[PDB]
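Below sits a lone chain in structure tokens, taken as the form deposited in one PDB entry.
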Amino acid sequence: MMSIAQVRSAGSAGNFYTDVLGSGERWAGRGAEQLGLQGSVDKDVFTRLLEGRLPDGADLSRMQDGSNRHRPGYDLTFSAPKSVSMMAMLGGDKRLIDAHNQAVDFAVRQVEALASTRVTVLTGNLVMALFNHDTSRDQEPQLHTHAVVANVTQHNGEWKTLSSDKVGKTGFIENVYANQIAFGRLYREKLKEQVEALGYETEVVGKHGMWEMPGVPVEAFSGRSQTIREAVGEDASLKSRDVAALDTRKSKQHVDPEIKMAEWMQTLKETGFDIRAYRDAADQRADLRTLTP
């Protein structure tokens, strides 16, 4: 599941991402490599990258009119299938938090192909920040990664701007939106490959091949989703659910990691699910094959 969003403010939203299973926001992309950036994201260097102030001698901003300036960039959030989320946090399977991360690196890398600048020329490089979270605003397991793309790419010499000027030809983000499904798709496919290799089973449960591990009590950890549909309902348009997603949206919360982890384990019991039996069933499934043909 890949969702999109425009970043419209540096300093402010620059923090947002700078802020419960062990807590890794790492850089990514050929562009982030050029500027010499690796698996760490300084609150300041990032907050800067959004204004147009690269680490390199590039200051592509527009600090005019008090505080009217550049265009920060975009947020491509890949959300993992609820069963994957649960198994990692409630099932303690750390191998999953990994698979998910590899699945994102794969996707985010296919997005970099569309990296192009205005003059339209595929510049094949991006400077990105990838933040990982594991809850929903409803406080449930909801592991996802905000692949924040900085509004900058590198053409021939200096850095330009992915974002466009005026209409001309569809620039970067235009194609991203035009290609959402494919991206959420191949992210989901990568996670899939690994997850099954670990010995887990999966079945389709939604459009464009969305899936989950069969048997895992998903319905019980989809509080946001349900609150959104109890409001605007089912059969509601995507746009209508966008607004619902925002109204009924609780505000960002300070949870007591162990009070919450316990509520989950507790609520997890009432479903009648045997977490342990599942991981083992998966192991035996994986073991059973790698030891045959």
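Only the largest set of C-alpha atoms that superpose within 1.5 Å between the two forms is called the rigid core. Just count from 1 along the sequence shown to find any residue number.
What comes next is about the form deposited in another entry, which does not appear here.
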| item | value |
| --- | --- |
| Comparing forms between this form and the one not shown after core superposition, the one residue of 105, 93, 138, 201 displaced by 2 Å or more at CA | 138 |
| Threshold 2 Å Cα movement between this form and the one not shown for residue 260, core superposed | yes |
| Residue 168 C-alpha relocation of at least 2 Å between this form and the one not shown, rigid core basis | yes |
| Note on residue 168-residue 53 C-alpha separation in the other form, which departs from the shown form by 3 angstroms or more | farther |
| Distance trend in the other form - C-alpha atoms of residue 173 and residue 165, change of 3 Å or more | closer |
